[PDB]
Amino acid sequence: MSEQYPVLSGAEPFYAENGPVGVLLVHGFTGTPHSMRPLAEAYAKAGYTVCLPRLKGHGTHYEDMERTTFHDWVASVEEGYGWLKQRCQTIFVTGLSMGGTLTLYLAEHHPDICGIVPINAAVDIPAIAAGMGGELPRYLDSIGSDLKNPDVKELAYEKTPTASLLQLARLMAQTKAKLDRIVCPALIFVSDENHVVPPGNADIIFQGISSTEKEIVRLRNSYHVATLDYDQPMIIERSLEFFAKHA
């Protein structure tokens, strides 16, 4: 399958060829590279080779998204991973929300990942589970992003295909079940206040992985879309320190 709608302005992937250490940045469910771009540029400015891919069916139209499965999103991250492998001796992976879910997934299936930085990664959202409750419409209306800062507009679909929620749940289930395969260092960000993903998820992740070096930083001035919120500078700074520590 291939997207039927054109890529939208602002949703372009971002690539930067610099040093031998690479960072893969993964955006979230219904989102676009916009949400991860400031992190990618800061890392690029710091001298890192950077890959920020666009997930299949994202940044085009939600009908494209509707036609995808989580295998497609996984494939989009792998292409980015593969792109960095051609260029880098050392690879870190970071991601927001489902990007974090994809970050964990990637660490579960590659042995050569140097470290991961999941940010509000999703592994258990019981509400999504609803068994499947009653019959939901085909598309759920988005009512805006979970952000503390009101003057940020995040680039994301205005509707969510309910068919994709099932895809999300499965990605989460398989990622959660195989957490013990992650052995690389982990820097885990979690928002104290989060209206999307239960913040007890960070703990499931912290406990589930086999990593010998793992930490949690609780963000106290951000909601769910933390990468664009007030704690962005800390996320960027603390991440850079992680990369240098483990290079």
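Each residue number is its position in the shown sequence, starting from 1.
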{"query": "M132-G133 interval: deposited residues absent from the model", "finding": "1 to 3"}
{"query": "Residue stretch of maximal mean CA temperature factor, 161 to 169 vs 139 to 147", "finding": "139 to 147"}
{"query": "Higher-scoring stretch by recorded Cα B factor average, 196 to 204 or 49 to 57", "finding": "196 to 204"}
{"query": "Largest Cα B-factor, entry values, listed residues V26, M65, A40, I182", "finding": "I182"}
{"query": "Residue, from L102, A75, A122, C114, that the PDB entry assigns the highest Cα B-factor", "finding": "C114"}
{"query": "Entry-reported Cα temperature factor of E108, expressed as the chain third it lands in", "finding": "middle"}
{"query": "Modelled-residue ranking by C-alpha temperature factor, third containing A226", "finding": "lowest"}
{"query": "B-factor third for the C-alpha atom of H34 within its chain", "finding": "lowest"}
{"query": "Ranked C-alpha temperature factor of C88 among modelled chain residues, by third", "finding": "middle"}
{"query": "Where the record places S191 (Cα B-factor, split into thirds across the chain)", "finding": "middle"}
